[PDB]
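Only one chain is shown below, in C-alpha cells, and it's the form deposited in one PDB entry.
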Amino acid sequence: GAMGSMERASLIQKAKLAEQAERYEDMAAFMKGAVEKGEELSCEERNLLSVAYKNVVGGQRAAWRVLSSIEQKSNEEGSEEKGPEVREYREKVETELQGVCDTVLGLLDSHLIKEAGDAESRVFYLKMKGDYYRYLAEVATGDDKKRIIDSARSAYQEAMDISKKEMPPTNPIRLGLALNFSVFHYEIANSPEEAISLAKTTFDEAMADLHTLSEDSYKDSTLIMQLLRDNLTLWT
C-alpha cells in the first residue's frame, strides 16, 4: 500500500492533522496505513480510525440518499423518461460506498478483532463491524440482503453480550453500541418495538449509574444518553 513506506507514528500524526483540516479521506488512508503496520491500536488511535471512516461513509450515505430519492421519483407514474443516467450515478456512488465498507470490514477481519482481548477494544471493533454491515444493508436489495442483515445483527449481539458483562451501563462505548443496535432494529430489521425497548432500557440503566461518575465522565455519558432520548422522541 501507498503508506507502507511511512512510519506508524507519522501516519498517526498526519491523521490528526487531516482531522484538523477536515480532510477525512486522507485521515482514513493514514489510519488504514497505521492499522496495516500490524500493531494493536490504543484507545485514541481506535477513535481516530472510527472518526475518519465515519465521516467518509457519512458523506457517501447522504449522497446515496439524495440520488436514491431522485431515482424513486423518476419511477413514479407520470414521470418523464430521462434515460439511465440517474441509476448509473446512484450505482456509482453505491459501489464506492460498498468499497469503503468492505475496506473497514477487511481491517477488522485482518486482524484487529482477533487480537483485541480487552473488553473496550473488542466491543469497539465489533460495534464497528455491526455498523458497516448496517451501512451495506442500507443499500442492499438482492439475494444477500438477509445475510448482510444477519451479519450486522450477529456482530452487534456479540458486542452487546460482552459490554453487558464487562462494562458499566454508563460506558460511552456500551451506550453508543446500544444506540446503534437500536437504530439497526428500527431502520434495518423492521423491529421498531425492539428498537424502542432497547433505547429505553439502555437510558434507564445508565441514568441509575450516573451517581458513580466524575463530572467529566458524567458529561460524556449524558451526551450519549441524550441521543437515545432524541431517538425515543423521534420514534414515539
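Think of the rigid core as the biggest set of C-alphas that the two forms share within 1.5 Å after superposition. Counting begins at 1, following the sequence as shown.
*Asks:* Quick one: across the other PDB entries of this protein we compared, is residue 103 left without coordinates in at least a third of them?
*Replies:* Modelled in all the others, so no.
*Asks:* Output yes if residue 130 is unmodelled in at least a third of the other compared entries of this protein, no if it is modelled in all of them.
*Replies:* No, residue 130 is modelled in every other compared entry.
*Asks:* With respect to the recorded C-alpha B factors, which stretch has the higher mean value, 82-90 or 124-132?
*Replies:* It is 82-90.
*Asks:* Name the higher of the two by mean Cα B-factor in the PDB entry, 38-46 versus 163-171.
*Replies:* The recorded data point to 163-171.
*Asks:* If you compare 150, 144, 96, 102, which has the highest Cα B-factor in the entry?
*Replies:* Each of 150, 144, 96, 102 was compared by C-alpha B-factor; the highest is 144.
*Asks:* Per the entry's values, where does residue 190 land by CA temperature factor relative to the rest of its chain, in the lowest, middle or highest third?
*Replies:* Within its chain, residue 190 is a highest-third residue by C-alpha B-factor, going by the deposited values.
*Asks:* Lowest, middle or highest third: where is residue 23 by Cα B-factor in its chain?
*Replies:* Ranked within chain, residue 23 CA B lands in the middle tercile.
*Asks:* Sorting the chain's CA B-factors, does residue 198 end up in the lowest, middle or highest third?
*Replies:* Its C-alpha B-factor, which the entry lists for residue 198, ranks in the middle third among residues of this chain.
*Asks:* Is the Cα B-factor recorded for residue 70 in the lowest, middle or highest third of its chain?
*Replies:* Answer is highest: the recorded C-alpha B-factor places it there.
*Asks:* Divide the modelled residues of the chain into thirds by Cα B-factor and specify which third, lowest, middle or highest, holds residue 11.
*Replies:* Within its chain, residue 11 is a lowest-third residue by C-alpha B-factor, going by the deposited values.
Below, we refer to the form deposited in another entry, which is not included among the displayed structures.
*Asks:* Only one of 18, 12, 213, 224 shifts by 2 Å or more at CA between the shown form and the other one when the core is aligned; which is it?
*Replies:* Comparing both forms, the shifted residue turns out to be 213.
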